[PDB]
Amino acid sequence: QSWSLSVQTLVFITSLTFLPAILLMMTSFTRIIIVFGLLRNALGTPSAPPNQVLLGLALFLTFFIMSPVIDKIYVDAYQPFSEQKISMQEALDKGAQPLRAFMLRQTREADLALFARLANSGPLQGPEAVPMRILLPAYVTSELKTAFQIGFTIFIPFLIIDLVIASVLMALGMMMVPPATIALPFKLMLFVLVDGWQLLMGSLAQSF
Amino acid sequence: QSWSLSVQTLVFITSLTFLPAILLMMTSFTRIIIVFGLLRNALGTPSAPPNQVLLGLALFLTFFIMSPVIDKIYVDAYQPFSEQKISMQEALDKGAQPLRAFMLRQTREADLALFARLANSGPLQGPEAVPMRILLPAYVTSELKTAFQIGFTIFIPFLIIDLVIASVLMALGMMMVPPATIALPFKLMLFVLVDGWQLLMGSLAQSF
Amino acid sequence: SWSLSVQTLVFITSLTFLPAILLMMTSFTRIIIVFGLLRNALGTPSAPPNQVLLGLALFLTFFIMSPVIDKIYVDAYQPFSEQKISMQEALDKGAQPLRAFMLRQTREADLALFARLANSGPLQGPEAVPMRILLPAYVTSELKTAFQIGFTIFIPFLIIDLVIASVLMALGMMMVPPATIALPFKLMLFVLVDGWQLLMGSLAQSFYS
Amino acid sequence: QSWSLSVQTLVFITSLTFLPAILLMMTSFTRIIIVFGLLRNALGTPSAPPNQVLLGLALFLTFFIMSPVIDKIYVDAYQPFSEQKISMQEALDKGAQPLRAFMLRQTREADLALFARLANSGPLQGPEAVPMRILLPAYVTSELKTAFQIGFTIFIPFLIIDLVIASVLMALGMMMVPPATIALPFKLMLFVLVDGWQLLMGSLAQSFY
Amino acid sequence: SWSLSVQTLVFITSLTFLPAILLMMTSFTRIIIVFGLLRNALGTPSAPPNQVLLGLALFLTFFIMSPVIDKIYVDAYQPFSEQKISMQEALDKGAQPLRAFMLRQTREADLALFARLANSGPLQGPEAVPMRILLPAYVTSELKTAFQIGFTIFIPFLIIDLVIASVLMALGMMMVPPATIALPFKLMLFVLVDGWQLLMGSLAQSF
Amino acid sequence: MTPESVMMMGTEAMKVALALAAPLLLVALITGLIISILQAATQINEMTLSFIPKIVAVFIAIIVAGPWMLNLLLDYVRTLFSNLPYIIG
Amino acid sequence: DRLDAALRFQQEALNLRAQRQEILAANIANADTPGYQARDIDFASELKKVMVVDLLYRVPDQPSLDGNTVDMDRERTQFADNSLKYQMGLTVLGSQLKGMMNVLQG
Amino acid sequence: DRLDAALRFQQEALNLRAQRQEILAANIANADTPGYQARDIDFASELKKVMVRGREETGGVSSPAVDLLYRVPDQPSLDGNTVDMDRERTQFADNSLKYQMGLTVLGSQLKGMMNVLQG
Amino acid sequence: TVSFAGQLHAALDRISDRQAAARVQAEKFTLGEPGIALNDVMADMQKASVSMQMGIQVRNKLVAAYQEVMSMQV
Amino acid sequence: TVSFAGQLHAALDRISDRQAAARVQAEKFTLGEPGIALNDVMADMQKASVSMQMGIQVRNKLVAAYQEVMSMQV
Amino acid sequence: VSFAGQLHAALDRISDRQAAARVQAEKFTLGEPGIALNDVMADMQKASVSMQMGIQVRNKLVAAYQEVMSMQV
Amino acid sequence: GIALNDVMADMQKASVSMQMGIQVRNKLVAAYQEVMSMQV
Amino acid sequence: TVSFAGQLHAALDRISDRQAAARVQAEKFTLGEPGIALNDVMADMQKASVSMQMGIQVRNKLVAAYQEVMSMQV
Amino acid sequence: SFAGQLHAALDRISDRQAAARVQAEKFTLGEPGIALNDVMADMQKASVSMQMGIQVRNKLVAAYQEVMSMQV
Amino acid sequence: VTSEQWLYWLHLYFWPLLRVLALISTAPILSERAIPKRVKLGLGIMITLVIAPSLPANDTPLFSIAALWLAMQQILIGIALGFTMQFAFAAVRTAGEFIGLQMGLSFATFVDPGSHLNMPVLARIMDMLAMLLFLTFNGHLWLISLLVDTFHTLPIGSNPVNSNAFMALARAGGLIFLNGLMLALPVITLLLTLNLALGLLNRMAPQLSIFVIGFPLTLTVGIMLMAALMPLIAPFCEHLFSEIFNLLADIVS
């Protein structure tokens, strides 16, 4: 039943091709990236942190968050395969389980029901048997919703600052003074004082 | 009469080149991707979810929508062809039927009439007389029109929020503030409290 | 005639220039320019994905060039396939219907200019124009016609933005972007007036007229 | 123990692709360009010097800042590599240490502690034993925070000018006069007379020390 | 002289940095910043297209580099054909006019700062300044010069705006925005005095 | 094709734009002028109370004359797209 | 097919050479049969006929007593010549096919 | 000019190889003709000569401007030709390999250049 | 009324019947049926090979042209 | 209930069984097991190579198509 | 006269050489006197070399055309 | 007449020179478009 | 705590070790060592080549993935 | 510094190419003491060095373009 | 025989191709991104195929600095022609943007200069109207003809060059402003009077005017004014094109 070596390396290279899709749709990369983009938009600085810096930060945060899952895959699936204890098929099947559990932990039952009803799947007893083709889109949708929730919540203190400065300027009669120019330095000061970067990364990690 | 195996292999491996074209023009990928892009434009932020996530999600949605057609093709064409019971050409002709029905069910009459006019078609008769080269462009045109119809009404609630916020802000007096900056968090709030993603997938699936 | 090896070599080599024939000798250029301009007009630079528009343009070109292809097949490909006309004469016989199709849609001014640039003698009738003059004249005429069609296409989608901006400005909402409001209305317009059937029919008539 | 020549060439060419990533996440560049991205906002001209001019100026400033680190890497690690007294693995191990020290001195302890806790690392005896996987993102975080601090401080004199000009305009009853256009030339005055560019680059270079 | 293939590789590689040469080594930054500030002065941020301003700055740069191009032609283009000097001695000889020009247009403070940024103590003479110290100093000097020219351009338009607002206030109007009234007067002043040709003449004189 | 045809194209287009925008702009202007003269008569001066009825009036304007605008603009676009292949050059 | 028309002549020549080779070997094998006439074909005329078989009797040289007209020397030379011409036809046909192939390879 | 000059030595050497092989084939063809002195050329001297002064022809019946020297005979023959077949076939094989070497060097240089240009 | 799909089907048929005819001739010659000659078998096989190479080259050219047309941006 | 991953798994497994069968047949022939012929060994080896090359080509086409679909600007 | 004319002339020359060699080969196979196997074989050799030259010229020419069409404007 | 040795060598030289011209023009055009895609 | 850098270093070390072993065996065989056979030398060299090709392909796929991920617009 | 190291690398590569070309030229004239295998090995080594230089140039140019395309 | 000298054909077909393609990439309408790149390249190739055989072929090698100087010369000529042509559309865009800004269409620029919020829709309207007029007057054919004609004036071969000539193109930067003022003038002036009229209304009872009555009235008045002014651009369009063309003819030489 064990695949021949040439078939094994063909599978390995073809799977390595799909790496960005796995990173985006199976890990926590998408939510962190969306929150970072929304935060950058929220400070009034559309291009202050370069895209590469934020992408690297999101990659490192994703690696740290997914370290337990990778450790489980190594210990349970990859290590026996590397010692020739188990074949590639059963190794992949065993490695699917920890990632599947992690994705189920961070999905919403309503989206799972939507995709199950849409795919005309029969009744499924418990979370033990849910196909990956059903779980992946539901997990992606749940990640999108959670990222938007976090971004909308983050948008609040800067809105408070903008409103208070606009009101202070308006009550002085300064009718033609735009509030963005005065608000941007104070947005930067607010984000600096609360130790914003490390606090936001810690909050993103804690939510996973 | 049957083609030689070398000819079958040549045709089979050449036909895989039209896979992106088939997916785009002939399936539900076009409408879903257009609606997703329009929703991204309507959210107030142009690139919040990366193109990769939307593309993968649209692919999964297209597969789930077309699964009955794929099952019909497998029963009619793939299975009896692989068992060496029908030839390749007859298998293709038989398998073109459910896809033709799917394309017809979503095709505007005016599009089909126009493209039959431009192809010199005269006495057409039964809906089962439309050739593939006439049916395909009409289906594409109908899909583009339907996607635009969905997008321009997806735009409505966010325009409502924008106008309400701008009117309240300017009537209150603060006319120097940018309404879109304050409006974006509220657009995200509306999208997450309605379950915009789940309901949008439900609507897109039920559009067929 | 040429040896069979030479004929096969020439056939294989000529199979290479198919994109050049499609772009510089066919109805593809006007349609693709009109589609690009229309996509620029509606404010969605990535809406119908390039592949969808390319497939639609290919099908439109196939439907439009049908009589020319039929005439080429009946006059050149059929006698050549039946060993009645040599390989070096089928090309010359088939280049004439395409030349006629390119001529009708070209323009006097371009023809006069490219007849002057080649220092060629007077061309009293259209029957004395070679391909070296008709090719770029046809290309320039097609470019100008496509740009004219696209630029009259552009007008309503800018009219809507103009009226949207004026209405927004009447009420003092000077900090509201007009493009974001105008895009749904432009989509609504292009939905209402059969956005694609009218454009498809207009382009097809623009060729057959 | 030394790697083969083929493996060494493969590793070198592969690591050549990470040059922008190394520059952004390991050198001074991140703090510089970001500040520039804010300075052009403070002056009131988003156009400002062109983007490429600012990027190249940041690159030159980064090279001048890392000249000591580059020299130490060249002396301790790359020189034995060229003079055949070291392998590629040992060179990679040895050359990173001065850069690790440079990154650590500008790394806030809180961010480093956060990334340790998040990696569940064991008790690190001393700075010298900090893993690079923990030092890199913490350095980037501290870099962003420091750049924002510098930018906010920079935003001060131009805010002073805008407030003074707006107060002068409003005290005279000239309420309908937008003060941004009036205050922009005075911001340019302030940046010219005080020699803003040279002072800012000197301040950045001294800040890294 | 080294290998021809290596010469081709180096030439095509150096062709890539052409925008860098145009921006950092020539004056193009100065004219482009002056044009941007002048456009900001008239109150219309999209009246002449960015393309047109870029091309005008390019033509101005070509003229104002024409003497340096001629010196390059004399010292490098010609003797590379007669083969009295070639490859090394010449590329550097041809770059020497650029060094002279950039020394002329660079302030002493920027050069001093960038020298003390590179620990180059024995830099005593002024014709042996290395390129690493000369380039960013020249760019900073160009930025300062462009900002000064932009402020000088700003002065008359600011005066016109202030005068228009003052007359509006003195005439009794307290709500009319002065920008709408002052824009056509700004244009008629700019055209009537023929601002553009004198501006280019001063820029050419500004070296 | 002739420049006379082109400039006519622009004129008729922009007169269509004028017809589309004239009711809303005129309604807003009339409401603003009425509120201003009432303020002058009553000696009341706040710059925000003139902004309130303007929105309501302009929004009612779409209720009453909106179908007419939608029918006029669609007819214009339909005729333009139908006459497109006859003004080609 | 046009491909047949190019290779028709050499294929027909090769087939005719094989048939005449069989006839000559039959003449050799039946050398000792009393009353056997040595038969042969005229290669050129039959090649015309196929491009656009009938057996011709060989003219006897020496009169034998048993009625056998097969001469060893004549048919041995003809056999060797036919073998050589069959090889030449194979060479020419292979060269034409190889040229048609290298035209296509790429 | 530069590319023409860089590839000129091997190109000229390969042309001279071709002409020398033509001469050797002529010697082999006339190997049984009575009264035919074998001809050959000094490759190095003629190569330098063609290098300094460009290739030239006697007419153009046309022939190169090379000096056709006589080969020293090994052993006498009554017919009166000095074509010794061992010498002819050794020079033929050596010239063959050297021409293949020239082709290899020139092809390597031309690829060594397309590698730079290609992008 | 020309049909490009019909023309491709006709060409593929021509190739497939040529290959099948050569294969059946080899079938009969292996089975020992009289009247079949080895040189004819080899010549027909080589003709079928040439026809298939024709088809492969036309396929390559058509696929390359289609990909270059579809890789264009409007 | 048709899953494309299932069909890919089936084809990959079939290729694997063909390769394993050819390998085991060659293994047994080398050990001198009576009843195995060299011609069949080579024929099955070549069939295994053909199947693997077909799998390679199908994978190449699928990966290329996926990369062209996945790189469009939405 | 022109580049297309020169290419047509080269193709005609190559085809004429190939046809001449083929006709001489058929004449030799016919049995007509005076045609020597030496000349047939040498002419077939020359025709093959000329065909290969034409193939190489076509290959390069196509490569150069593809290179030119790849230029970004 | 001209032999394959000369024909092939000049053919290759022309191909090389044409490729060099194409690459240099591509570099110049890319630099020009980068300059004109600026923001002033 | 599994680290990807450690795994990449281990894979590179394995490739280098296989290459070095093959090179050493070939060098010893050239020097006339008795207990080394030519077939083993060639097979070991081919195995080292296969391993290094696998490493190159994995590096190419990893670089493509990294360049795709780092080209986002966040 | 860095420009100096690049110049040194280019000089070494060109010296490789020149040595290989000179050895092949001397061997073409029939000069003794130069063997064919040495000529071929030197030619291949020069080609490898030149390809390495080309690859390094490509990576450096790509890195420079990626750096210069950032949005400040 | 079978020569086909390749260097001669390459040197004959290269430099005219460089000049034609340099004009193509910058000349208006012929440089618009909507055209596929291959169409532009093919048009340049075909124009060069028509033109080059009549010209004297150059013999300078492509592997020389003389080739670089030639390429720079062709690029300079092409971009100069295309840009001098583009100046007229720049002027029309300026006039349209100024009419629109006096409409009060984009008031956010007066308070936030270059703040990512600007819509010169009138500028676009008159820009595309100017493009349509340029297409009607067959200006592009003229451009191609003048590109061909500059050879007789300035041959491919490296020729010496002048100076103030470049200034002329740079000094053409004045025209964009100078002609723009006139087009506006026929409307801005009346708009000015309208604003003056609004001032008279504000000299009455304080406040209660401007930002509430001025904007809609001035918007409608600008709309109908310049709708009536549309027939006026065409003579000015021809005037602009003639100015650019004869300036090009005078200065290129």
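Labels for the chains are A, B, C, D, E, F, G, H, I, J, K, L, M, N and O, by order of writing; each one numbers its residues from 1.
Throughout what follows, contacts are C-beta pairs under 8 Å (C-beta built on N, C-alpha and C of every residue); 3 or more make two chains touch, one makes a residue touch a chain.
Enquirer: Touching both subunit A and subunit H, which chains are there?
Expert: Chains touching both subunit A and subunit H: N, O.
Enquirer: Comparing E-L against C-G, which pair counts more contacting C-beta pairs?
Expert: Output for the comparison: E-L.
Enquirer: Using mean Cα positions, find the chain sitting nearest the overall protein centre.
Expert: Of all chains shown, the one whose C-alpha centre lies nearest the global C-alpha mean is L.
Enquirer: Can you grab the rotation angle between subunit I and subunit J? Superpose on CA, round to the nearest 5°.
Expert: The two chains, subunit I and subunit J, differ by a rotation of 65 degrees.
Enquirer: Let me have the rounded angstrom distance from the C-alpha centre of subunit E over to the C-alpha centre of subunit I, please.
Expert: That gives a centre separation of 67 Å.
Enquirer: Measuring centre to centre with CA averages, how many angstrom lie between subunit N and subunit O?
Expert: Distance between chain centres, rounded to whole Å: 47 Å.
Enquirer: Which whole number of Å gives the spacing of the CA centres of subunit A and subunit D?
Expert: 27
Enquirer: Could you say which residues in subunit A touch two or more other chains, in rising order?
Expert: Residues 17, 20-21, 33, 37, 47, 50-52, 56, 67, 133, 175-178, 180-181 of subunit A touch two or more partner chains.
Enquirer: Spell out, as numbers or ranges, the residues of subunit I touching 2 or more other chains.
Expert: Counting only residues that touch two or more other chains, subunit I contributes 54, 57, 70, 72-74.
Enquirer: When you check subunit H against every other chain, which residues touch at least two of them?
Expert: Answer for subunit H, listing residues that touch two or more other chains: 2-4, 112-113, 116-117, 119.
Enquirer: Which stretch or stretches of subunit A touch subunit M in the complex?
Expert: 9, 12-13, 16-17, 19-20, 23, 33, 36-37, 40, 51-52, 54-56, 58-59, 67, 70-71, 74
Enquirer: Can you list the residues on subunit A that touch subunit B in the complex?
Expert: Touch residues, subunit A against subunit B: 20-21, 24-25, 30, 33-34, 37-38, 41, 44, 110-111, 114-115, 118-120, 133, 136-137, 140-141, 144-145, 147-149, 151-152, 155-156, 159, 162-163, 166-167, 169-170, 175-180.
Enquirer: Touching residues of subunit I toward subunit B in the complex: what are they?
Expert: Within the complex, subunit I contacts subunit B at residues 5, 9, 12-13, 15-16, 19-20, 23, 52, 55-56, 59, 63, 66-67, 70.
Enquirer: Per the contact definition, I'd like the list of subunit C residues that touch subunit G in the complex.
Expert: My answer: residues 4-5, 8-9, 12, 83.
Enquirer: What residues on subunit C touch subunit F, complex-wise?
Expert: Those in contact with subunit F are residues 107, 144-145, 148-149, 152-153, 155-156, 159-160, 162-163, 166-167, 170-172, 189, 192-193, 198-199, 202-203, 205-206, 209.
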